[PDB]
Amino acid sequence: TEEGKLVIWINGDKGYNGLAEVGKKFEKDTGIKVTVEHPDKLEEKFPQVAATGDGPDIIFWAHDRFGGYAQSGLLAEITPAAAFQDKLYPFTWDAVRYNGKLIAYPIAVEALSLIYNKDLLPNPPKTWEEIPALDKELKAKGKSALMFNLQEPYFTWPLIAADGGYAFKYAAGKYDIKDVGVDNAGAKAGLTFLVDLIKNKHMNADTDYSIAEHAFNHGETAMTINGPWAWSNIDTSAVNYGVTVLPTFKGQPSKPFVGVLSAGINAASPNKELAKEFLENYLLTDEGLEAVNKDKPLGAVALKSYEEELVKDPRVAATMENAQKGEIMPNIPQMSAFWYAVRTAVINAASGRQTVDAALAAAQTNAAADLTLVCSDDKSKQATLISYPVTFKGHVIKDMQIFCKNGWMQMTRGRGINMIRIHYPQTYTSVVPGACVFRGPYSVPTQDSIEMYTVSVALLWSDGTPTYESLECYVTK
């Protein structure tokens, strides 16, 4: 990256203009040009370019991605003075801590809220279960009850978690990578309710961020689910909106994943000192956070002086209320696998590509074991089992044994990708040297038209703990 300059990346839904204004100030003072960019899928792109010694000097994202970045050595250690550490809440500092070290600067606390149109809906429902009835009444008036982004599992997670779904279990002061809550009865209940909403045409499976934002901000739908950053665009619309607690599900609160917007410094940056100067003495100040927050709201900011003011904003109060009912995202590397697994499951269940159970079973195995099974509807074309580990530190799977119909075979966990072919029985290549064969077919009690094939996997963790997974493929008779 170019020395004597600063390149900053932040997501497109954020306050980049304000940040840019702060950049202008920094440039005017120090003569150092600050450039802000908002690449698409930057959370995926940053680790790719940063590994080559390229990319931005500073990267902005919620804290959950930063452990993965730190594990691969893509981030410089942050060592601020105590005086500056005092300026920010310790909670937000804890969010950016990885293996004892501070890997970023905390900026603001983010949580989803229920956003509603006061003119259409003076009293929004307090439960998910009421949305269908409400939708029927609004559909008669040429409107809909609720629209939100179904393409990102972040927005559906609050519902999935309400009845007891969870990412990784938290015991004492650390997360248990071995204990994943994607497949439990609660998660199934919540995802099932979502799919039921889609089945009854209360919502569309193809709805994304822009469609939901447009629908709500033009007054076509009575409610949406979004974060603080979204408010400024609504202010621009003609909608008088409230921001309130997410609806309960089965009598329990929705549990959004709480993010902490964080600014990391690329380990490949020559400009680190300049980045520290900018972040500490410019970006994190009443003025800088004022600029960014004015552009797009940050939620509850990490800076105490500004937060003291912000608490007066009821939208922020609603944000914090929802946050208190949710859970701070883990920052561990495995979160990358978790998010990918749940994203796939929601899209597949919502679109009708998989049942809720199958989708969440596959998501479970992917999130826990880094195992993906690519099925083919055509039995003659065999399945592919894929292992793609993202966690190389701490408790990890050391040894992996796949149990096929025809025997056991070992599979290594190294850094890279490991793929094997899984065969359906009765195929021409079913019995050949080195072939791993499915167990099945098994009859599906709900659908007579479908057959289930399965393989089992035994996992030996570095601490000696055994665990077991299974992966299924479903095929039409």
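Numbers for residues come from their place in the sequence shown, where the first is 1.
S.K.: Averaging CA B factors per stretch from the PDB record, which one is higher: 198-206 or 307-315?
M.R.: Between 198-206 and 307-315, it is 307-315.
S.K.: Tell me which stretch, 244-252 or 165-173, has the higher mean Cα B-factor listed in the entry.
M.R.: So the stretch with the higher mean C-alpha B-factor is 165-173.
S.K.: Go through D377, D370, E110, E129 one by one and give the residue whose Cα B-factor in the PDB entry is largest.
M.R.: Result of the comparison over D377, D370, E110, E129: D377.
S.K.: Per the entry's Cα B factor values, which of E280, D235, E327, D179 stands out as the maximum?
M.R.: Checking the PDB record, the top C-alpha B-factor among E280, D235, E327, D179 is at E280.
S.K.: Can you work out whether the C-alpha temperature factor of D399 puts it in the lowest, middle or highest third of the chain?
M.R.: It falls in the top third of the chain.
S.K.: Among the modelled residues of its chain, does the C-alpha B-factor of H63 lie in the lowest, middle or highest third?
M.R.: According to the entry, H63 has a C-alpha B-factor in the chain's lowest third.
S.K.: Determine, from the deposited record, the chain-internal third of the Cα B-factor for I265: lowest, middle or highest.
M.R.: Middle third - that is where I265 ends up once the chain's C-alpha B-factors are sorted.
S.K.: Split the chain's modelled residues into thirds by Cα B-factor; is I115 in the lowest, middle or highest one?
M.R.: For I115, whose C-alpha B-factor we compare with every modelled residue in the chain, the answer is the lowest third.
S.K.: According to the PDB entry, is the CA B factor of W157 in the bottom, middle or top third of its chain, that is, lowest, middle or highest?
M.R.: Lowest third of the chain for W157's C-alpha B-factor.
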